[PDB]
Amino acid sequence: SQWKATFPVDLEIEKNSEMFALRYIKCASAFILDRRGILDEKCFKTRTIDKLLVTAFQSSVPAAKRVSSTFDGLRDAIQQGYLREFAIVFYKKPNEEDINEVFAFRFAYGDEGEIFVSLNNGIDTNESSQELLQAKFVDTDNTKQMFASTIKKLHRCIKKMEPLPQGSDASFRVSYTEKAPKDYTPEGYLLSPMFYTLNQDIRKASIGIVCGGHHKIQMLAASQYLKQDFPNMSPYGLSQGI
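- Its PDB header attributes the entry to X-ray crystallography and lists the resolution as 1.751 Å.

- With the PDB entry as reference, the protein is termed C. elegans HIM-3, source organism Caenorhabditis elegans.
- Per the PDB header, the entry is named "Structure of C. elegans HIM-3".

**Points about the nonpolar core**
Line of reasoning, step 1. Counting 62 residues, the largest nonpolar core has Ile-25, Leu-33, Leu-74, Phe-86 and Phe-105 as the members making the most contacts within it.
Line of reasoning, step 2. Looking at which element gives the most residues to this core, the answer is helix α1 (residues 14-35), with 11 residues.
Line of reasoning, step 3. Setting aside residues up to four positions removed in sequence, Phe-105 forms contacts with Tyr-24, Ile-25, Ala-28, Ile-32, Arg-84, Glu-85, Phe-86, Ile-88, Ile-217, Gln-218 and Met-219.
Line of reasoning, step 4. In terms of nonpolar packing, the next biggest core, distinct from the first, is built from 14 residues, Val-102, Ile-123, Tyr-196 and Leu-220 among them.

**Quick word on unusual backbone geometry**
Line of reasoning, step 1. Omega for the bond connecting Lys-93 with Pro-94 falls within 30 degrees of zero, at 5°, which places this linkage in the cis form.
Line of reasoning, step 2. Even without being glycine, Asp-50 reaches a positive phi, approximately 60°.
Line of reasoning, step 3. The phi dihedral of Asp-111 is positive, around 25°, even though this residue is not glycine.
Line of reasoning, step 4. Checked against the element boundaries, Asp-111 lands in the loop between β4 (101-109) and α4 (126-134).
Line of reasoning, step 5. Overall, the relative accessible area of 71% leaves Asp-111 in the exposed class.

**Brief notes about the sheet that holds strand β3 (residues 83-91)**
Line of reasoning, step 1. What the seven strands build is an open sheet, ordered β6-β9-β5-β3-β4-β8-β7; its pairing is antiparallel. Looking at which strands have only one partner, the edges of the open sheet turn out to be β6 (190-192) and β7 (203-211). Sheet twist, expressed as the mean angle between neighbouring strand axes with direction ignored, is 20°.
Line of reasoning, step 2. Inspection of the sheet shows β6 paired to strand β9 (residues 236-239) by three bridges, in the antiparallel sense. In the sheet register, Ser-192 faces β9, and the bridge partner there is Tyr-236.
Line of reasoning, step 3. Against the sheet, α4 engages β4, β7 and β8 (215-223), with an angle of about 155° to β8.

**Here we look at the packing of α1 against helix α3 (residues 72-79)**
Line of reasoning, step 1. Axis separation between α1 and α3 bottoms out at 10 Å; the angle between their running directions is 140°. Here α1 lies oblique to α3, going by the angle between them. Note that α1 runs across α3; the crossing there is right-handed. Between α1, through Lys-15, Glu-18, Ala-21, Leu-22, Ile-25 and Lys-26, and α3, the contact on the second element is made entirely by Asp-72, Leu-74, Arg-75, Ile-78 and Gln-79.
Line of reasoning, step 2. In terms of residue class, the contact of α1 with α3 is made up of five nonpolar, one polar and five charged.

**A closer look at α1**
Line of reasoning, step 1. Between its first and last C-alpha, α1 extends 32 Å over 22 residues, near the 32 Å set by a 1.5 Å rise per residue.
Line of reasoning, step 2. Just downstream of α1, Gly-37 is the residue with a positive phi angle, here 75°.

**Brief notes about the packing of aromatic side chains**
Line of reasoning, step 1. Per the stated rule, a full pass over the model turns up 19 aromatic pairs.
Line of reasoning, step 2. Plain terms: the ring middles of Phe-7 and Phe-147 are 5.1 Å apart, the flat faces sit at 75° to each other, and that makes the pair edge-to-face. Pair noted here: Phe-7 is in the segment before α1 and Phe-147 is in helix α5 (residues 140-159), with a separation of 140 residues, a long-range link.
Line of reasoning, step 3. Summarising the aromatic geometry, the rings of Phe-107 and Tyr-109 are spaced 6.2 Å apart at their centres and angled 25° between planes, so their arrangement reads as stacked. The exposure classification of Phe-107 matches that of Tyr-109, with both residues buried.

The rules behind these values
- Residues numbered from 1 in each chain as written, not as in the entry; some residues may be left out.
- Heavy atoms only, no water.
- Residues with missing side-chain atoms left out of burial classes, pairs and counts.
- Core = buried A, V, L, I, M, F, W, Y, C linked by side-chain atoms within 4.5 Å.
- Buried < 20%, exposed > 50% of the residue type's maximum accessible area, 1.4 Å probe, protein only.
- Helix = DSSP H or I, 4+ residues; strand = E, 2+ residues; numbered from the N terminus.
- Contact = heavy atoms within 4.5 Å.
- Pairing = 2+ DSSP bridges.
- Axes fitted to C-alpha atoms, helices over the stretch in contact; angles between N-to-C directions.
- Parallel < 35°, antiparallel > 145°, perpendicular 65-115°, else oblique.
- Left-handed = near helix turned anticlockwise from the far one by under 90°.
- Nonpolar A, V, L, I, M, F, W, Y, C, P; charged D, E, K, R; others polar.
- Expected span 1.5 Å × (residues − 1).
- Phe/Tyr/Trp six-rings, centres within 6.5 Å; stacked < 30°, edge-to-face > 60°.

What follows is the structure in structure tokens.
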């Protein structure tokens, strides 16, 4: 039930920061997929982290194990400093380009100077990239607090959302840093020329940034099911694992 049962401490240390970063995006993903109703409810279990009720995959359920396992290959992607963004996109077949909703997790590595702002795809903006740049690691307890603050905001944001359309489809999509080789492909992902793009008018939410010592992870959302821009108290990659 304590932080330590889920996450590393001493987050200033590179290895602990790396492990935290991956475990964080897996945790938030379970939270999101459960609350937006993408998988059967038996795929999830409620766990406790300090004062907060969060969500984890139930790996004894095949669909949940499949989704959980997709994160395995991202461990090397993060270690090598290759993973720029991990995104959960919701859409309706057959139009995989028409994104109804996305939760994006954008990475910055060890006081990286500045990051390219994509002109033609994704969710990132000058504003969001400035916020990611200005975020700083402070100490482990502070990240415990910021984790809690960010999950609470995620929760409040999802509460403001209308339900997903019946039979929505979901994919995981990743983009890479300039370090990554030209045809880099994490284990469990497929190499793709396509990422995702959003309608100009889609409503957006900035949920928060959580920092390890060597990794900053920014959560940004956009949804056709938010009306307007926005208890749990105790060279791209594609995965269609969901």
